[PDB]
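This is what each chain is made of:
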Amino acid sequence: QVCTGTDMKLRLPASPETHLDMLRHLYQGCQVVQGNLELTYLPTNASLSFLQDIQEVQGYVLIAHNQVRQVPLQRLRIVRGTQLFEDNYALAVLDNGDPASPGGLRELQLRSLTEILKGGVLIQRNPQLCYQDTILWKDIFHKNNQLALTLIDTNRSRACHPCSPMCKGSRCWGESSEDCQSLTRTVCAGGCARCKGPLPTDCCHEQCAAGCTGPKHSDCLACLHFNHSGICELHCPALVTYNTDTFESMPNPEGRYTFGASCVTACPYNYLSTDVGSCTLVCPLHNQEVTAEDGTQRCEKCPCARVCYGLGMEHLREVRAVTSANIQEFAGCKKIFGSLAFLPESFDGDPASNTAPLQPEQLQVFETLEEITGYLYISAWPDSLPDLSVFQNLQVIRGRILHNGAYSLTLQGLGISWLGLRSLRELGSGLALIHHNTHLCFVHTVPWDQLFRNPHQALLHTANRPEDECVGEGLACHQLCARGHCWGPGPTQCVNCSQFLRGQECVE
């Protein structure tokens, strides 16, 4: 029921062909989206009904380059705006249409949208879109959301029918009466931030956001800060309380962690329990990730060990791929904190600095790697390597950082005949995508679902070597493989053995 969005922005999907299923797998059944919610480059005939469940977005909401006439986000109530589009917009709609009926967005239909916590609104170049200019946006922007930008492009090729006659003030998201925007902020008697009506008795509890059922902290539709079992509070109750005469620690049975905008009893899988009582993915400076014997993580004081970092972290924040100039940074690593990527640039080198192209022996630095905290993206690989076995010892991909905010594992355009990633056991989060891997077999010979740890993640694949061809050539799994499942040819590539093992070999 809770999932994250992506970070593709206005960039084309790596595999547009599977993009709609990606969204389907990610969002069907998801009420709350962490991070930003982005729908970009979707076709006219896309079916997006799986988005009908979304109620809240932690970050910004972006609709762009879609030819989609309708986007079923009418249930959305609040945009929290942790990140803004172009650092300014909580919500933005761009280029959703064509230059038989034309494609492009016609209505927003955000009838349940009541609030923008922070950030403005940007609507541009959407020639088929109506009523973007009727919404009394100042009523939606939070009281303290003074970045009340309304960059609304009203240049439309499509004529707009007036808003249903039942809409007071003709403020609507679409023609229907149901698409009329209720005014609940600038119309409140008593001067309260939010209300249900013209009376002061209609005022929402002061700790409430995006509207209410009443004046109590137990009467809100969405909390300003945290939702503790339906109760709105500034913060989650402390995990430990104190007797200040002696400063005795008293773990609080009612104490909760802060995650998202709600209170939890424990951090979600792959999240770390901080000393703060917050759930993170990344520890504060001078704290380290510690894994408990029960498999969960926490941030604890570190004194501090040298830590191996990947792309997206520390001095590698600006680095897009591992280059030949970065290899030594992984020497001696078992766990890398960050992402890795092997893109043509890695293998082309860098004429601006005359960096040599990455050689296959330099990838040996990763043979000792057991865990990556970020994502792995390969779009280029030496053709001398028939597989990705240099990472055969990689057991865990956590997906803390996702490629374009979506993938924890992506492989594309490769000549590898098999993956060979025999140690992989878990894909902690994120999507996996295999595409255009012209010569790659053993795609459906892997019980892929066994390494997925969430209903909101799945393996997507397209245009790879057809299994039909792999089958015709006998690129089948060894008869001693559990379930007939493997990562590549031979007794050593089995996901598990039905037999005794000798080294990597299933033997009988």
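Residues numbered from 1 in each chain as written, not as in the entry; some residues may be left out. Heavy atoms only, no water.

- For this entry, the PDB record names cryo-EM as the structure determination method and reports a resolution of 3.77 Å.

- Per the PDB entry, the chain carries the name Receptor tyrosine-protein kinase erbB-2,Green fluorescent protein and comes from Homo sapiens.

### Comments concerning the pattern of salt bridges
Link 1 in the chain: Across all of its chains, the model carries 16 salt bridges by this definition.
Link 2 in the chain: As a salt-bridge pair, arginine 125 and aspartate 95 come within 2.8 Å of each other at their nearest N and O atoms.
Link 3 in the chain: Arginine 125 sits in the partly exposed class, given a relative accessible area of 41%.
Link 4 in the chain: Salt bridges sharing common partners tie together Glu289, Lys335, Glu371 and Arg398. (Salt bridge = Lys/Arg side-chain N within 4 Å of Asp/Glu carboxyl O. Buried < 20%, exposed > 50% of the residue type's maximum accessible area, 1.4 Å probe, protein only.)

### Observations regarding the sheet that holds strand β28 (residues 407-412)
Link 1 in the chain: Taken together, the five strands give an open sheet; going across it, the order is β24-β26-β28-β30-β31, and neighbouring strands pair in parallel fashion. Strands with a single pairing partner mark the edges of an open sheet, and in this sheet they are β24 (340-342) and β31 (459-462). Strand-to-strand, the axes of this sheet are offset by a mean angle of 10°, without reference to chain direction.
Link 2 in the chain: Where β24 and strand β26 (residues 376-378) come together, three bridges link them in parallel fashion. When the sheet's bridge partners are listed, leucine 340 is paired in β26 with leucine 376.
Link 3 in the chain: Across the face of the sheet, helix α1 (residues 16-27) comes into contact with β28, β30 (431-435) and β31 while running at roughly 170° to β31. (Pairing = 2+ DSSP bridges. Helix = DSSP H or I, 4+ residues; strand = E, 2+ residues; numbered from the N terminus. Axes fitted to C-alpha atoms, helices over the stretch in contact; angles between N-to-C directions. Contact = heavy atoms within 4.5 Å.)

### What to know about the UniProt feature "disulfide bond" in the chain
Link 1 in the chain: With sulfur atoms 2.0 Å apart, the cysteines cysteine 130 and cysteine 160 match their UniProt disulfide annotation in this structure. Pair noted here: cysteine 130 is in the loop between β9 (120-124) and β10 (150-152) and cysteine 160 is in the loop between β10 and β11 (208-212), with a separation of 30 residues, a long-range link.
Link 2 in the chain: Assessed through its relative accessible area of 0%, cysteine 130 is described here as buried.
Link 3 in the chain: With relative accessibility at 28%, the residue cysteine 160 sits in the partly exposed group.
Link 4 in the chain: Between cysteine 283 and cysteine 299, where UniProt records a disulfide, the sulfur-sulfur distance comes to 2.1 Å, consistent with the annotated bond. With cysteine 283 in the loop between β20 (279-280) and β21 (287-291) and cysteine 299 in strand β22 (residues 297-301), this pair connects stretches of sequence that are 16 residues apart.
Link 5 in the chain: The class for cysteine 283 is buried, based on a relative accessible area of 19%. (Disulfide = S-S within 2.5 Å. UniProt positions renumbered as here; feature names shortened; annotations may be inferred.)

### Topic: unusual backbone geometry
Link 1 in the chain: The phi dihedral of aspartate 87 is positive, around 60°, even though this residue is not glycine.
Link 2 in the chain: Within the secondary structure layout, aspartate 87 lies in the loop between β6 (78-79) and β7 (89-94).
Link 3 in the chain: A relative accessible area of 64% means that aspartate 87 is categorised as exposed.
Link 4 in the chain: Despite not being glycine, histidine 436 has its phi angle at roughly 60°, a positive value.
Link 5 in the chain: Turning to its location among the elements, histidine 436 is positioned in the loop between β30 and β31.

### Digging into the domain arrangement of the chain
Link 1 in the chain: Segmentation of the chain into domains returns domain 1 (1-181), domain 2 (200-301), domain 3 (314-475) and domain 4 (477-508).
Link 2 in the chain: Using only C-alpha atoms to locate each centre, domain 1 and domain 2 end up separated by 29 Å.
Link 3 in the chain: Counting from both sides, the interface comprises 11 residues of domain 1 and, opposite them, 11 residues of domain 2.
Link 4 in the chain: In this assembly, domain 1 packs against domain 2 so that about 720 Å² is buried in total across both faces, 52% of it on carbon and sulfur atoms.
Link 5 in the chain: Considering only the side of domain 1, the residues that lose the most area to domain 2 are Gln34, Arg77 and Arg80, jointly responsible for 48% of the buried surface there.
Link 6 in the chain: For the pair domain 1 and domain 2, the number of links is five residue pairs in polar contact.
Link 7 in the chain: Residues belonging to the side of domain 1 that touches domain 2 are distributed by class as follows: three nonpolar, four polar and four charged. (Domains from an automatic or database assignment. Buried area = accessible area lost by both parts, 1.4 Å probe. Polar contact = N/O pair within 3.5 Å; in protein donor to acceptor, adjacent residues only side chain to side chain. Nonpolar A, V, L, I, M, F, W, Y, C, P; charged D, E, K, R; others polar.)

### Quick notes on the sheet that holds β6
Link 1 in the chain: Taken in spatial order, the five strands of this open sheet run β1-β2-β4-β6-β8, and their pairing is parallel. Each edge of the open sheet is held by one strand with a lone partner, namely β1 (2-4) and β8 (115-116).
Link 2 in the chain: Where strand β2 (residues 32-34) and strand β4 (residues 56-57) come together, two bridges link them in parallel fashion. Bridge pairing links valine 33 to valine 57 in β4.

### Some remarks on the pairing of β22
Link 1 in the chain: Inspection of the sheet shows strand β19 (residues 272-273) paired to β22 by two bridges, in the parallel sense. The residue bridging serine 273 from the neighbouring strand is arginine 298, located in β22.
Link 2 in the chain: The sheet contact formed by β21 and β22 spans five bridges and is antiparallel. Looking at β22, one finds that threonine 291 is bridged to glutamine 297.
Link 3 in the chain: As consecutive antiparallel partners, β21 and β22 are separated by five residues, and within that stretch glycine 295 has a phi angle of approximately 90°, a positive value.

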